[PDB]
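What follows is a short report on a single structure.
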């Protein structure tokens, strides 16, 4: 399920220095827990993370549960666990902007993969 203000264009879409620490894992509460580390000393920017049902990142079907995805400071250099909402059947969790990205899958109660 999806709203505007939680995705919320609070700044321009950049991020540069992230790396995965923990790929998304379903909480059994309807959500996934996902962990990154922030691999640089810079980049106050609108962090591109998203939650969709078919890697249709072009129209967000889920949300970012933990926070509005925006890096408000250069001090964001943390190792940081974030919740997302992956919809039922399938989901795809995208981390990045055009030329610079990563993505991960999930499969939950009626997937194309049968779970």
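No lab work stands behind these numbers, since they all come straight from the coordinates. When we count neighbours, we look across all protein chains shown, and the Cβ atoms used for this are built from the backbone with ideal geometry, even at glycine.
Of (1) farther than 30 Å from residue 112 by Cα; (2) touching a residue at least 60 places away in the same chain (Cβ under 8 Å); (3) touching a strand residue (DSSP E or B) at 6+ places or on another chain (Cβ under 6 Å), residue 8 satisfies all except one. Which?
Residue 8 satisfies all of (1) farther than 30 Å from residue 112 by Cα; (2) touching a residue at least 60 places away in the same chain (Cβ under 8 Å); (3) touching a strand residue (DSSP E or B) at 6+ places or on another chain (Cβ under 6 Å) except (3).
Kindly establish whether residue 92 is under 18 Å from residue 108 (Cβ atoms) and either assigned to a loop (DSSP other than H, G, I, E, B) or in contact with a strand residue (DSSP E or B) (Cβ under 8 Å, 6 or more places away or on another chain) (or both).
In short, yes.
So which residues in the stretch 45-61 are surrounded by 14 or more Cβ atoms within 10 Å (Cβ to Cβ) and in contact with a strand residue (DSSP E or B) (Cβ under 7 Å, 6 or more places away or on another chain), if there are any at all?
45, 47, 48, 49, 50, 51, 52, 53, 55, 57, 60, 61
Which residue, of 115, 16, is farther than 22 Å from residue 4 by Cα, in contact (Cβ under 8 Å) with a residue 12 or more places away in the chain and either touching a helix residue (DSSP H, G or I) at 6+ places or on another chain (Cβ under 6 Å) or in a loop (DSSP other than H, G, I, E, B) (or both)?
16
Among the residues of the stretch 69-83, is there at least one that is within 20 Å of residue 115 (Cα to Cα), within 13 Å of the chain's Cα centre (by Cα) and assigned to a strand (DSSP E or B)?
no
Could you please find all residues in the stretch 96-112 being in contact with a strand residue (DSSP E or B) (Cβ under 9 Å, 6 or more places away or on another chain) and free of Cβ contacts under 8 Å to residues at least 24 places away in the same chain?
Correct list: 105, 107, 109, 110, 111, 112.
Could you list all residues from the stretch 19-44 that are in a loop (DSSP other than H, G, I, E, B), surrounded by fewer than 18 Cβ atoms within 10 Å (Cβ to Cβ) and either without any contact (Cβ under 8 Å) to a residue 24 or more places away in the chain or touching a strand residue (DSSP E or B) at 6+ places or on another chain (Cβ under 7 Å) (or both)?
27, 28, 29, 30, 39, 44
Take the residues in the stretch 62-95 that are over 23 Å from residue 16 (Cβ atoms) and touching a residue at least 60 places away in the same chain (Cβ under 8 Å), then tell me which one is surrounded by the most Cβ atoms within 10 Å (Cβ to Cβ).
The qualifying residue surrounded by the most Cβ atoms within 10 Å (Cβ to Cβ) is 86.
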